[PDB]
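J.: Encoded as structure tokens, here's the structure I'll be asking about.
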Amino acid sequence: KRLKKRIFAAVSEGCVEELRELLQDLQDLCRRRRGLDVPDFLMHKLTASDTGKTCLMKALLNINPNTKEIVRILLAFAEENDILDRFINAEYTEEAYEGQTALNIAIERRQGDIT
Amino acid sequence: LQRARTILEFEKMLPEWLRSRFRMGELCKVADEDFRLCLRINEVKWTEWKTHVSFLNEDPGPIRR
């Protein structure tokens with residue numbers, strides 16, 4: 001089940017009801033796998049491996065008039081598993097233009113509301 | 001204009017297979033299917049700040065990798 005491809009295309013198009021179903025299913029399989037990696041598995045599903053981009057970096061590149069809601073739902077889910085400090089303070093590490101965190105997109109996209 | 005009159009003359013008197021590519025070739029347009037129409041690249045500068053809606057890639061500057 002390509003859950004990573006569904007959550008990237010859901011946040012790109014701007015649909016919020018599609019996200020919460022992907023948000024519910026990823027919490028569900030997190031309840032199924034709780035052996036040794038409750039923080040590490042939830043991070044690796046939201047974050048890719050080549051770029052290192054999260055679902056929040058992809059949330060802020062593409063802007064659309066649902067994007068205030070699409071962050072507020074998505075921050076509370078990283079708060080629900082106590083991983084928001086690793087989540088929000090995650091750095092782009094593709095080593096060509098690395099270091100650009102989730103905050104660095106927000107000021108550049110001149111969204112003074114959600115910053 | 002006067003050096004434009006010569007370049008289109010030398011290019012017309014060059015009957016090779018034209019290996020000299022002047023352009024990004026077959027780079028994608030915005031469509032589900034229409035990947036054609038080879039392209040060009042230029043640059044813009046400071047004024048008129050706005051949120052950027054229409055874009056093609058997730059902010060690289062060269063080709064990725």
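We label chains A, B, ... in the order they appear in the structure tokens, count residues from 1 in each chain, and number ligands from 1 in the order shown.
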If we count only C-alpha atoms and set the cut-off at 12 Å, which residues sit around residue 25 (chain A), ignoring sequence neighbours fewer than 6 positions away in its own chain? Please answer as a ChimeraX atom specification.
T.: /A:1-4,6-7,18-19,31-32,42,45
J.: Please produce an output containing N, CA, C and O atoms for each residue in the selection, written as a PDB file, in the first residue's frame.
T.:
ATOM      1  N   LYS A   1       0.859  -1.181   0.000  1.00  0.00           N
ATOM      2  CA  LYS A   1       0.000   0.000   0.000  1.00  0.00           C
ATOM      3  C   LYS A   1       0.894   1.230   0.000  1.00  0.00           C
ATOM      4  O   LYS A   1       1.560   1.522   0.996  1.00  0.00           O
ATOM      5  N   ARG A   2       0.930   1.955  -1.118  1.00  0.00           N
ATOM      6  CA  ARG A   2       1.838   3.094  -1.214  1.00  0.00           C
ATOM      7  C   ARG A   2       1.297   4.278  -0.401  1.00  0.00           C
ATOM      8  O   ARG A   2       0.677   5.214  -0.913  1.00  0.00           O
ATOM      9  N   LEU A   3       1.543   4.221   0.911  1.00  0.00           N
ATOM     10  CA  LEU A   3       1.021   5.241   1.813  1.00  0.00           C
ATOM     11  C   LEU A   3       1.800   6.541   1.677  1.00  0.00           C
ATOM     12  O   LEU A   3       1.266   7.624   1.938  1.00  0.00           O
ATOM     13  N   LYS A   4       3.068   6.447   1.277  1.00  0.00           N
ATOM     14  CA  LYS A   4       3.878   7.646   1.096  1.00  0.00           C
ATOM     15  C   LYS A   4       3.460   8.405  -0.153  1.00  0.00           C
ATOM     16  O   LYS A   4       3.491   9.641  -0.179  1.00  0.00           O
ATOM     17  N   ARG A   6       0.407   8.374  -1.368  1.00  0.00           N
ATOM     18  CA  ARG A   6      -0.914   8.944  -1.148  1.00  0.00           C
ATOM     19  C   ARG A   6      -0.832  10.218  -0.321  1.00  0.00           C
ATOM     20  O   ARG A   6      -1.574  11.173  -0.570  1.00  0.00           O
ATOM     21  N   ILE A   7       0.075  10.263   0.656  1.00  0.00           N
ATOM     22  CA  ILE A   7       0.115  11.416   1.550  1.00  0.00           C
ATOM     23  C   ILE A   7       0.809  12.598   0.873  1.00  0.00           C
ATOM     24  O   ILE A   7       0.512  13.764   1.166  1.00  0.00           O
ATOM     25  N   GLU A  18      -8.726  13.643   2.591  1.00  0.00           N
ATOM     26  CA  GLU A  18      -7.866  12.546   2.167  1.00  0.00           C
ATOM     27  C   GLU A  18      -6.690  12.369   3.124  1.00  0.00           C
ATOM     28  O   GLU A  18      -6.203  11.248   3.316  1.00  0.00           O
ATOM     29  N   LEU A  19      -6.237  13.463   3.749  1.00  0.00           N
ATOM     30  CA  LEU A  19      -5.109  13.384   4.676  1.00  0.00           C
ATOM     31  C   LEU A  19      -5.473  12.624   5.944  1.00  0.00           C
ATOM     32  O   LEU A  19      -4.706  11.767   6.402  1.00  0.00           O
ATOM     33  N   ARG A  31       0.156   1.372  15.745  1.00  0.00           N
ATOM     34  CA  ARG A  31      -0.321   0.575  16.869  1.00  0.00           C
ATOM     35  C   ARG A  31      -0.035  -0.904  16.647  1.00  0.00           C
ATOM     36  O   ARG A  31       0.108  -1.667  17.609  1.00  0.00           O
ATOM     37  N   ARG A  32       0.052  -1.325  15.384  1.00  0.00           N
ATOM     38  CA  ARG A  32       0.332  -2.726  15.089  1.00  0.00           C
ATOM     39  C   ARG A  32       1.805  -3.054  15.305  1.00  0.00           C
ATOM     40  O   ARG A  32       2.146  -4.163  15.734  1.00  0.00           O
ATOM     41  N   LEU A  42       7.441   5.993  12.479  1.00  0.00           N
ATOM     42  CA  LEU A  42       6.530   7.054  12.062  1.00  0.00           C
ATOM     43  C   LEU A  42       7.276   8.153  11.318  1.00  0.00           C
ATOM     44  O   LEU A  42       6.722   8.796  10.420  1.00  0.00           O
ATOM     45  N   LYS A  45       8.039   6.927   7.588  1.00  0.00           N
ATOM     46  CA  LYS A  45       6.913   6.921   6.664  1.00  0.00           C
ATOM     47  C   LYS A  45       6.581   8.334   6.194  1.00  0.00           C
ATOM     48  O   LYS A  45       6.137   8.530   5.058  1.00  0.00           O
TER      49      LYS A  45
END
J.: Pull the closest atom pair for each residue of chain B that gets at most 10 Å from chain A, along with the distance in Å to one decimal, counting only C-alpha atoms, ordering rows by chain and then ascending residue number, as CSV.
T.:
residue,atom,partner,partner_atom,distance
B:49,CA,A:110,CA,8.9
B:50,CA,A:110,CA,7.9
B:51,CA,A:109,CA,5.9
B:52,CA,A:109,CA,7.4
B:53,CA,A:63,CA,6.8
B:54,CA,A:62,CA,9.0
B:55,CA,A:62,CA,8.9
B:57,CA,A:61,CA,9.9
B:58,CA,A:61,CA,7.2
B:59,CA,A:61,CA,8.7
B:60,CA,A:97,CA,8.1
B:61,CA,A:97,CA,9.5
B:64,CA,A:96,CA,8.7
B:65,CA,A:96,CA,8.0
J.: Between CA of residue 56 (chain A) and CA of residue 102 (chain A), measure the distance and give it in Å to one decimal.
T.: 6.8 Å
J.: Could you find all residues in region 1-109 of chain A that DSSP calls helix (DSSP H, G or I) from the backbone, and write them as number ranges by chain?
T.: A: 3-13, 17-32, 38-46, 57-61, 67-80, 84-88, 102-108
